[PDB]
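One chain follows as structure tokens, the form deposited in one PDB entry.
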């Protein structure tokens, strides 16, 4: 479920995408060949969030923004992907705002319906070991097997 009493304004700002788990081998593999720089969460004009990730793909920097539209309880969003012809729920299921957040995404419509992913965001680029465990704990509870849980390579290229 969503983080109780979720406060969007405290989730804003700079995060690092430190880990992910997913039932898509392809997505995990594609992501692990990228080197992650910052993600930034900024308010969207629709009352939701823009989630922008900066990353290195074949030694070249790229940025991608996902619009997370408000969907259910505070902390629950939906992301519509024209490229995948699918929509996906995205929820901040646990966070303490000042060190970590766990996001859980599931396909809700379209061929992406079966996709599931958990992401660990950390306010620091190397998460303390406590936070890795909070992530791997959650992934296990949600039925991700140990080889689908991966920690993502990081870089300081692509920023400033």
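Residue numbers count along the first chain shown, from 1. We call the rigid core the largest set of C-alpha positions that still match within 1.5 Å between the two forms.
Keep in mind that the form deposited in another entry is missing from the display, and what follows is about it.
For the residue set 49, 37, 101, 117, core-aligned C-alpha shifts between the shown form and the other one reach 2 angstroms or more at a single site, 37. For residue 27, a C-alpha deviation of 2 angstroms or more is recorded between the shown form and the other one after rigid-core alignment. Core-superposed comparison between the shown form and the other one: the Cα of residue 8 travels less than 2 Å.
CA of residue 37 to CA of residue 81: closer by 3 Å or more in the other entry than in the shown form.
The gap between the Cα atoms of residue 28 and residue 43 is larger in the other entry, by no less than 3 Å, than in this form.
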